[PDB]
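Peer 1: In order, the protein sequences belong to chains A and C. Quick note on the entry's author numbering: the first sequence kicks off at 201 and runs consecutively. Quick note on the entry's author numbering: the second sequence kicks off at 251 and runs consecutively. The C-beta atom is built at its ideal place from N, Cα and C for all residues, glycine as well. The structure that follows is given in the form of structure tokens.
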Amino acid sequence: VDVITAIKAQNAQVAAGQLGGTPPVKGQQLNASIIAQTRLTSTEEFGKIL
Amino acid sequence: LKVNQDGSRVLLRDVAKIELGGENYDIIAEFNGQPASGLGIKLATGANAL
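The structure is reproduced here in structure tokens:
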């Protein structure tokens, strides 16, 4: 159960948001997408799960 | 949201602005420079446009 919970917590895709997203302030000039926790990619990453 | 140990009661309006806004703020429509909305109707496949 602990292994399953750790894998689910540390291997996931999390919706983060967006910089300067709508509705913006009256002087916003930059709009960028925010990237956050993404799925793991290799056996090394999974082995490092705490 | 919270009841303070002193006795004061914490409401949603005490930590946020509540309003009727919009599900999304990405699309903004103007007609001749005036605020507007509209419908981009599309035609069903094999239907008479008239």
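Starting from the beta carbon of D276 of chain C, find every residue of chain A whose beta carbon is closer than 7 Å, and list them in chain order.
Peer 2: Residue numbering aside, residue 276 of chain C sits at position 26 when the second sequence is read from its first letter. Neighbours of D276 of chain C on chain A, chain order: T222.
Peer 1: Do you know offhand how far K208 of chain A's Cα is from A216 of chain A's?
Peer 2: On the first sequence, position 8 is the one that residue 208 of chain A refers to. On the first sequence, position 16 is the one that residue 216 of chain A refers to. Taking the straight line from one Cα to the other gives about 18 Å.
Peer 1: Please report the straight-line C-alpha distance between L251 of chain C and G257 of chain C, rounded to a whole angstrom.
Peer 2: In the second sequence, the residue the question calls residue 251 of chain C occupies position 1. In the second sequence, the residue the question calls residue 257 of chain C occupies position 7. Each residue's alpha carbon lies about 13 Å from the other.
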